[PDB]
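Colleague: Quick one, fold the following:
(3 chains)
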Amino acid sequence: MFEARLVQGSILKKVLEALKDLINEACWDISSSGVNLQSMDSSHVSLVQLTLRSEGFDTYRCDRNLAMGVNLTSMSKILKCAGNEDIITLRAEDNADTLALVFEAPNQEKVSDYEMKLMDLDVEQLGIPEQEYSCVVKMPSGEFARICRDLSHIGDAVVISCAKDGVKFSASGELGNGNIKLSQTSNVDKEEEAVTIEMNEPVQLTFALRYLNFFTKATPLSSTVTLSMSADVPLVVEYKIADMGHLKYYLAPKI
Amino acid sequence: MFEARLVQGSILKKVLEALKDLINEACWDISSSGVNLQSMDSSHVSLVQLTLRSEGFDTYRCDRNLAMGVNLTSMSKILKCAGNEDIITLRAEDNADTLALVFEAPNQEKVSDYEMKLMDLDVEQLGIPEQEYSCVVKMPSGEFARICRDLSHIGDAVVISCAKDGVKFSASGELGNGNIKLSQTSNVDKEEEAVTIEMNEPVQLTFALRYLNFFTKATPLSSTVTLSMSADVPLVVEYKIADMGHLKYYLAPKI
Amino acid sequence: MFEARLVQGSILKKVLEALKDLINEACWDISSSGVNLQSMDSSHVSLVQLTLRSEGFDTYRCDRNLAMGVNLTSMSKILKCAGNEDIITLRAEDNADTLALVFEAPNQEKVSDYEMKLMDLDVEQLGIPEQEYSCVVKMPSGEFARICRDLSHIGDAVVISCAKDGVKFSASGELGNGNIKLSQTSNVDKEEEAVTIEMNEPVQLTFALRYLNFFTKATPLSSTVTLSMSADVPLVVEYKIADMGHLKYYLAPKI
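Modeller: Residues are numbered from 1 along each chain as shown, chains lettered A, B, ... in the order given. And now the structure:
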């Protein structure tokens, strides 16, 4: 059987709120290594890459390999019933037609046992190889969420330019245009981070803000976010689920 | 004349927010004992039983008996104008065509004097006799509100089963089904209560979650809620207005 | 060129949220004295009078006179992108077709540079002379906002009566009527203010609550609000932008 016990049930709730707005039909690849998820949106522009290691689960147990076709919108409704401190436990059988969901209160008074039906998926699997990117921008997750939200009111697409000085976001629309230059000033404070970059070569691409707004739904999961981009390759937005795995977001450039 | 002065005006605001979603046409039975209200919904499945003792009012004064046909939705709009710490004073005459509503600020700077027109009611009165119930479940008011809200996403009806071990809530719908078993674990903490029960005999009935969601609108009124149920009799949900009275909610079983 | 630097960028955000609901087509009169704005609504019942002194700007610089026809709704969308502590800098040229908007983070890491297109206005200018009013009521800004909001549920118009004792607000509508008498009780507390008045002669006029609700959008700007009114003259609602200027709101009496 499959049995994964997560003490921090808040993590799984934050994960599912990050996918349901982008995708609603995906497959959960379950193995001894951990949980994996790979799916695209309707228009096949973006891709999700979820990984949850078994080393992070309080109690992991998987006999054979599993591939669970799960409706995310349905699952998100169920995981809305779980509390923040509630210990969430997923439990499938090896011939699983359904998937159980155990929401356990800390003191074990309120024990909830949900049961979600699976479905058959005609899935097309995507194998993305490892690439070395020209630029890797590290920034606060709340910072990137505001930038994408503010430029959404300006235009439909964002021009991201990168150099050695810093990264500049640009948008143009109806009421005009705006520019957000992210630099690395030298001040004196505490842990407020900035925006370190590992530029090998300057890049300048354009991306859709609609899908970037879907990516910022994984904000609560991580304190900071890395955006790795390179000429003629899709941009990767990564939210690292600390001590569990990571949530990558691939996105193709425009035109 | 009728004159009732309530120092804690927040209570009356919490009371009216609990009825307006269930009923909008009810009669206020006023006497020397206190305030009483008894009315059913449109479909005559549920009943409200409000009681406010005169022993709890800062200043109660009733010459003769009164029966005031009051539009609750209209009254709820007016009582939305009262502050939280505002001393609310209700004042009718003995031949009342209208009902006055005095909202007094603590320091007596902001004094508001509202006037609401009454209406004639073709009311059908209901006399419910006292019954001894098979099971009385005591639980936090915020706990019962979450259970009813979470199962609402599952199905339309909830199967409540009771025993000696504990109480189990069940629902089944489109995306699947869920079960919430409330037990009495033995841990070590403080005043976090659990769910004591006085079962004489195990009961199992089914109720509508739509009307139960109307009942949980009386949450702010009480810290805990009692649900007394018995085979072939309507379930009673009671929110005790401390040092004032109680707000009962009768509900007929399904099928 | 025109260059105004405001350290407290929150003020400008609060200003624009107060106009956009009342008016959306106005002209910004820029001179060495400071910023001025004078415009009416569609139905020409109310008038806005914004004044921001150059003595309050961290860095003011205006070569020649300027009159900028600015879409307020467009500008409000842009100023929604500015942070609370962000240092906002407005910068036009002397032949300005557009208007720049510099949003500078304190530590100067996040620097945003927006650009808004101006437009030609067929504006009708209004010269209001200084008048001595019969009554000037001083009250908390949050107090006046609640009074206008509560009477909005009652009726469409508010009857404001003034005397030596205090000021009384009255409204009548469908579910009935209400009265709010503001007096000056003698208690013992701290800085909770009340409602001082400089009545020369008692006044009683009627005004629309729809436009008064548009005026209360300038609440965050000031702690207290002054309402100066006089028989047969329009009522003036003033929100004083401390150490910067003031935001007046003229409103014609009904009938």
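
Colleague: count of residues packed around residue A:149?
Modeller: Using other CB atoms under 10 Å in any protein chain shown, residue A:149 has 15 other residues around it. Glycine gets a C-beta too; all of them are placed from N, C-alpha and C.

Colleague: Doesn't it belong to a helix?
Modeller: Yes: looking at residue A:149 with DSSP: H, G, I helix; E, B strand; the rest coil, it is inside a helix.

Colleague: Please name the residues that touch the closest residue to it other than its chain neighbours.
Modeller: Excluding its sequence neighbours, the residue lying closest to residue A:149 (CB to CB, 6 or more residues apart in numbering or on different chains) is residue A:213, at 6.9 Å. Counting by CB atoms under 8 Å, 6 or more residues apart in numbering or on different chains, residue A:213 touches A:148-149, A:152.

Colleague: Helix, strand or coil: sort out residue A:75 for me.
Modeller: Going by three-state DSSP: residue A:75 is helix.

Colleague: so who does it touch?
Modeller: The neighbours of residue A:75, taking CB under 8 Å, 6+ apart as the test, are A:16, A:20, A:116.

Colleague: Name the residues of the helix or strand containing the residue nearest to residue A:149 that are buried.
Modeller: Assigned by DSSP states H and E, residue A:213 falls within helix A:209-215. Of all the residues in helix A:209-215, those buried under the rule 16 or more other CB atoms under 10 Å in any protein chain shown are A:209, A:211-215.

Colleague: how far does stretch A:25-35 sit from the chain's center?
Modeller: Between the centre of stretch A:25-35 and the centre of its chain there are 15 Å (CA atoms, centre = their mean, to the nearest Å).

Colleague: Now that stretch: buried residues?
Modeller: Buried positions in stretch A:25-35, judged by neighbour count with 16+ other CB under 10 Å: A:25-30, A:34-35.

Colleague: With respect to residue A:65, which of those residues is nearest?
Modeller: residue A:30 (7.1 Å; CB to CB).

Colleague: For the closest one, give the beta-bridge partners.
Modeller: Beta-bridge partners for residue A:30, by DSSP bridges, are residue A:35, residue A:66.

Colleague: ok, now which ones touch it?
Modeller: Residue A:30 sits next to A:2, A:36, A:62, A:65-68, A:92 when contact means CB under 8 Å, 6+ apart.

Colleague: By neighbour count, which of these wins?
Modeller: Among the contacts of residue A:30, the one with the most neighbours (other CB under 10 Å) is residue A:2, at 23 neighbours.

Colleague: give the contact list for that one.
Modeller: Residue A:2 is in contact with A:30, A:61-63, A:66, A:90-94, A:96, counting by CB under 8 Å, 6+ apart.

Colleague: before we move on, back to that, would you check how far apart the residue nearest to residue A:149 and residue A:2 are?
Modeller: Distance, residue A:213 to residue A:2, by CB to CB, to the nearest Å: 34 Å.

Colleague: Quick one: name the residues of chain A near chain B.
Modeller: Applying CB under 8 Å from any CB of the partner chain, we find that chain A lies next to chain B at A:71, A:74, A:77-78, A:80-81, A:98, A:107-117.

Colleague: From chain B, how far off is the residue nearest to residue A:175 when sequence neighbours are not counted?
Modeller: Distance criterion CB to CB, 6+ apart; nearest residue to residue A:175, sequence neighbours excluded, is residue C:74 at 4.0 Å. For residue C:74, the distance to chain B equals 35 Å [CB to the nearest CB, to the nearest Å].

Colleague: dump the residue contacts of residue C:74.
Modeller: A:175-176, C:116.

Colleague: which of these lies closest to chain B?
Modeller: residue A:175 (37.4 Å; CB to the nearest CB).

Colleague: Where does the stretch 151-255 of chain A get nearest to chain B, which residue?
Modeller: As assessed by CB to the nearest CB, chain B sits closest to residue A:217 within the stretch 151-255 of chain A, at 20.0 Å.
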